[PDB]
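Shown next as structure tokens: one chain only, the form deposited in one PDB entry.
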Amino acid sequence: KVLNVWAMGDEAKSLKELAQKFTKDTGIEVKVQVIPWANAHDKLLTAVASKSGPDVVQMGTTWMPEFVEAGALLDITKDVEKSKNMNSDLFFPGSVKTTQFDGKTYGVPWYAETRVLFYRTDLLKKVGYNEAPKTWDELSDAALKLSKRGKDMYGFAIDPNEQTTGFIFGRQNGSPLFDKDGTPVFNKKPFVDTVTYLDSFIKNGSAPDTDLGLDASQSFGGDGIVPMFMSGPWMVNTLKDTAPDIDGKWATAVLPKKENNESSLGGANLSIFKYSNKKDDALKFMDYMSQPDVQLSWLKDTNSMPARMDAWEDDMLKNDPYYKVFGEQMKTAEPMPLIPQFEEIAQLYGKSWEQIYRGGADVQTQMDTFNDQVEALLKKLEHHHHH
């Protein structure tokens, strides 16, 4: 009797609230499950293996190609063309790219995100930076200077389990990641030099080489143990809600540049699980949640980025300092490679990064290994497409 919705993290709390109003408005009962992002990919895999799971699923954009490849998401092309709230034409092209495969559409953008630099304005001033670092050389320099405040003080965080980080920096140094032929180029100089660059922060003590176990207010607030980092909109919301002691002492900025300062485009879509016996009510739910006023309500409350383009004309999105930075960054933000093995490739990058930063492996050598692993994965997939 109940429409099952799987959602993730902090956003799923807003979705649960909205779903309560949906149930009041339509009479359709809805149970929203809240799944940590850390566990979600495994939970999705289990649902696919068992063909049992939710009716509506919040899908991280980077996993769209995987779960379309697996046949787990319903083709909703005809249905979204005929909604006035879910039509692809309303959304940013980069967001739409995460939903469309071989001419068919498999979800509706729910929110977008991109990654920006968060920095303590007061602490950067004290090391001679009146504005955020704007190049790789400046990020390195400021970070190293901030790390000299003390043995347990740092300058910049590199999250070893953040799928986007290595690949963002790689593209900034001109690596396409995969060349025109689909061949991975992780062992070519642009990428190798990127990973050397990131390792430089570990080697010089300016990025922590273990998880310090601090929440954002404890690491970025107070005396600013970690005084620069990269994140998305959800960290503006977190810091506004949890770090009052640094109100007026931090800001965001666009990413520092190397060749370019491109960031990632991510977020989440709403999709219908292929095996659902509630497809009609799933679509009603998605249409309702795509109402522009329903969207803007929760988006602005959480400082989140709409994937719907006309939302950006809203006075807050044009004039709020955080939204100005996100909007600027979004102009050039690109999805991670939209390939069905992305997550597994990212996890492989993670292992290789750990061999380097913790194991002391030579970067070129480890990138040769990693690139071979990736090529092997791609061949393994190709073979499934050639029976």
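Just count from 1 along the sequence shown to find any residue number.
The following text describes the form deposited in another entry, which does not appear among the structures shown.
- Panel note: of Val226, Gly266, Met235, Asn204, the residue at the hinge between moving rigid parts between this form and the one not shown is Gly266; all others are over 12 positions away.
- Here's the thing about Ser290 and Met330: their CA atoms end up at least 3 Å closer in that other deposited form than they are in this form.
- Inter-residue distance, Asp287 to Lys331 (Cα): reduced by at least 3 Å in that other deposited form versus the depicted form.
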